[PDB]
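*Asks:* Quick one, structure for this:
(one chain, ligands or ions: 1)
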Amino acid sequence: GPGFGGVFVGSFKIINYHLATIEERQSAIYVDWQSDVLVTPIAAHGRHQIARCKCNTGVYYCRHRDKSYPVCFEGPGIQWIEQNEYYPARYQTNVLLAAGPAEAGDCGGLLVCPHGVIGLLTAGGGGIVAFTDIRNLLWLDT
Ligand SMILES: [Zn+2]
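*Replies:* Residues are numbered from 1 along each chain as shown. Let me share the structure:
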């Protein structure tokens with residue numbers, strides 16, 4: 001809803017690995033440390049949908065500025081080995097690169113296109129923001 005709490009699809013919840021808790025990690029149904037994402041069952045009716053598109057443009061929420069920024073990002077590739085306050089020097093998978101304001105506190109924001117959510121905000125800074133594509137997880141049905 002607000003846009004800073006992960007994705008809630010059906011009875012499942014999607015969040016970043018660096019922002020997850022131990023209980024969620026233990027009960028998670030899918031995890032990708034390289035992509036920095038978890039998928040764990042959640043007892044709720046999700047009102048979100050995953051984008052089954054190839055959109056190259058979208059809008060993301062900047063929590064530390066509390067504003068919506070549109071941006072045209074690059075496709076899902078593997079990115080530079082950088083080290084954060086959470087992580088060691090490593091390269092991430094399914095990374096969408098775009099230009100825009102970002103901060104350490106905004107980790108977890110939502111990127112949306114008309115079809116739905118595309119990815120979560122992994123990290124950003126210095127005018128460059130990187131997201132984790134989640135389009136490969138659109139199990140809306142079973
Ligand atoms: Zn789209």
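*Asks:* Any idea how many residues pack against residue 106?
*Replies:* 22 (other CB atoms under 10 Å). Yep, even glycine has a C-beta here, placed from its N, CA and C like the rest.
*Asks:* Kindly apply the preceding question to residue 40 instead.
*Replies:* Applying other CB under 10 Å, I find that residue 40 has 20 neighbouring residues.
*Asks:* same check, this time on residue 66
*Replies:* 11.
*Asks:* and if you look at the one 10 residues further on?
*Replies:* Other residues near residue 76 come to 20 when the count uses other CB under 10 Å.
*Asks:* for the ion, what are the nearby residues on this protein?
*Replies:* Proximity of the chain to the ion (CB under 5 Å from the ion) is limited to residues 51, 53, 55, 113, 115.
*Asks:* Could you turn the buried ones of the residues you listed into a PyMOL selection?
*Replies:* Selection command for PyMOL covering only the buried members of the residues of the chain next to the ion, criterion 16 or more other CB atoms under 10 Å:
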select buried, resi 51+55+113
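*Asks:* Secondary structure for the residues of the chain next to the ion - can I get that in JSON lines?
*Replies:* Formatted as JSON lines, the residues of the chain next to the ion follow (DSSP: H, G, I helix; E, B strand; the rest coil):
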{"residue": "51", "secondary structure": "coil"}
{"residue": "53", "secondary structure": "coil"}
{"residue": "55", "secondary structure": "coil"}
{"residue": "113", "secondary structure": "strand"}
{"residue": "115", "secondary structure": "coil"}
